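We count residues from 1, following the sequence as given. One-based numbering, in listed order, for ligands and for the atoms of each.
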Amino acid sequence: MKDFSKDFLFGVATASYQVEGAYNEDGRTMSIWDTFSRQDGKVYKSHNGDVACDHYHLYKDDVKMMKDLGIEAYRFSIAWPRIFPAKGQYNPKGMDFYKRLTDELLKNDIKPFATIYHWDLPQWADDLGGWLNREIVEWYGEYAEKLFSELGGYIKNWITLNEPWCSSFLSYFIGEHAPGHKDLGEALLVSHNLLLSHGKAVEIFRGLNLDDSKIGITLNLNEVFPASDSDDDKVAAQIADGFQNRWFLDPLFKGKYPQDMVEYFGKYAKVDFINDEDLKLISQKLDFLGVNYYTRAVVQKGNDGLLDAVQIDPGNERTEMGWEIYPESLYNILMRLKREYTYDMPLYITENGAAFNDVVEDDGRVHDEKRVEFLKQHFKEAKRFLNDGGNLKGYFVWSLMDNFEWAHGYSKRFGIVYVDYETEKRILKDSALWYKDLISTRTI
Ligand code: NA
Ligand code: NA
Ligand code: NA
């Protein structure tokens, strides 16, 4: 038979600010990441997405490239600052790009998966308070409703948010991502307003009753292991698991924030944003969950401070991010969802991939054998989940091409396609050739 059914979606994924470029064209105004990347010290060597992969201009070549690989689905994000470059000011020229992009995908037999928000909040919105201002629920709802109305004939699979853990804790508490605040209370409120905005889009979506159309959300999830069997490390792992995973899984799928984290965070900051009405909106039924999976964490107790778990190095192989290559946690997380949160609901892997030190050799090829092996090991775990009864509908490799990796700039290469940024040349890596074979044979 086939390890992956004909209906299973082999995909690749990008995000608008990471690949598009054309940052000041056809009416687009600045996002918080345009601004953040221009603040000294925030992004590697002051890299920014002014040009990136120039995918805005090269999209026809990139779709042809995906068609020749046999790609069956393409996950991309839509740039809010192209669609509403000012508050309440719709930009048809911005919408026209996503119409010609998705028209090209459909005409080449690629199913579009559109992420509504992938971190490029318009600067006008942040200047009004951004995700800290509860009014953003209405601004986001107006944006999402415009996308549903204008693109409903083009796009049948919608993702409200990408990785709200990053938009909240990494952007407002740790401060690595835009807008770069460092305040736990702000990050917690932002996490709530993000989830409430997701809920508003779902409410609007259900009222539209679009034929054969599905909506979900994308979460980055890990698996946390205690470094030892001690009670100290067990509590440390519990907190780390609540911080990364349950803080978002529980309100979405149980209608309640995890109470151990509410009490834990409450010792350090306000948690008075929680109320029954908001959690009802947050926990509306979805059609699927998107899982972004990369690695696990091994943690031991720290200094009894705020979220101070010591990161243990188990001594295994890692990517250029320093992320352990541990494919078994892909299966473990999908199974955990099946047994604790999503049950029989369809799942997609909406991101999985790896950054390695890619070089174009004298033969003009990129022999990224570590990425070939990485993807092989993780797709084998996807196959094992399917054969054990898991409801996995597709798998999107991060990324189609090397791109702007946020605070790391262009220094981390995640693509199955190499980009020579000086010429914008695309070079298929060996991992892309391996993926092409996997799609064609559906065998691993
Ligand atoms: Na860009
Ligand atoms: Na810059
Ligand atoms: Na749901």
Side-chain angles (χ1 to χ4, degrees), residues 14-59 62 76-83 85 94 97-98 101 115 118-123 158-161 164 177-178 180 195 198-199 201-203 205-206 214-219 248-256 279-291 337-338 340-348 391 393 399-411 419 421 424:
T14 65
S16 54
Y17 192 68
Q18 299 188 260
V19 301
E20 280 178 8
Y23 83 108
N24 56 1
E25 293 179 35
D26 293 325
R28 186 189 177 271
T29 53
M30 308 276 273
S31 80
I32 57 169
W33 269 95
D34 305 71
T35 303
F36 193 62
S37 61
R38 287 163 168 78
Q39 300 171 30
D40 274 359
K42 297 309 183 185
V43 174
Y44 180 87
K45 295 186 173 185
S46 308
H47 290 179
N48 61 46
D50 281 8
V51 177
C53 308
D54 199 29
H55 169 74
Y56 185 89
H57 300 114
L58 299 175
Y59 78 92
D62 288 338
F76 59 97
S77 82
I78 294 170
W80 197 342
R82 290 198 195 281
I83 310 300
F97 170 65
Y98 296 104
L101 173 66
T115 306
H118 203 129
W119 307 354
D120 53 334
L121 183 72
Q123 192 61 46
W158 296 92
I159 299 166
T160 53
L161 311 173
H177 284 183
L195 289 175
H198 157 84
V202 173
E203 178 174 271
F205 187 80
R206 295 304 184 210
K214 301 169 193 156
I215 192 158
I217 190 172
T218 278
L219 305 176
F248 293 96
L249 289 169
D250 279 42
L252 285 163
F253 297 112
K254 310 290 180 181
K256 176 182 217 253
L279 276 162
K280 183 175 190 221
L281 200 72
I282 288 167
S283 60
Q284 287 171 89
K285 182 70 51 176
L286 302 180
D287 298 306
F288 65 86
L289 174 64
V291 178
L337 295 165
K338 174 171 161 72
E340 297 180 9
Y341 288 102
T342 55
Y343 303 114
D344 294 321
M345 174 196 294
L347 303 176
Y348 294 88
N391 196 11
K393 297 302 193 191
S399 179
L400 172 62
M401 53 186 93
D402 302 331
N403 58 59
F404 177 79
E405 182 49 33
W406 305 115
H408 294 285
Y410 300 99
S411 75
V419 179
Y421 292 112
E424 295 293 4

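Under 3.0 Å from the Na ion (ligand 3), one finds the following protein N/O/S atoms: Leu286 N.
Heavy-atom minimum distance, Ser16 versus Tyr98: CB-OH, 4.3 Å.
Using a 3.5 Å distance cut-off with no hydrogens or angles, the side chains of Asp26 and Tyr56 do pair a donor with an acceptor. When only modelled atom types and interatomic distance are considered, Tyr421 and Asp54 share no side-chain donor-acceptor pair under 3.5 Å. A donor and an acceptor atom, one from each side chain of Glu424 and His57, are nowhere located under 3.5 Å apart.
Using a cut-off of 3.0 Å, one finds that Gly49 contributes an N/O/S atom close to the Na ion (ligand 1). Taking backbone and side chain together, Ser16 holds no N, O or S atom under 3.0 Å from the Na ion (ligand 1).
The neighbour count for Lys254 NZ, taken as heavy atoms of other residues, nucleotides or ligands under 6.0 Å away, is above 12.
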Step-by-step salt bridge (charged side-chain N to carboxylate O under 4.0 Å, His left out) determination, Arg28 to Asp120 = CA-CA 11 Å; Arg28 186 189 177 271; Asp120 53 334; 5.1 Å; no
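Within the 3.5 Å criterion, the main-chain N or O of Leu337 finds no donor-acceptor partner in the side chain of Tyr343.
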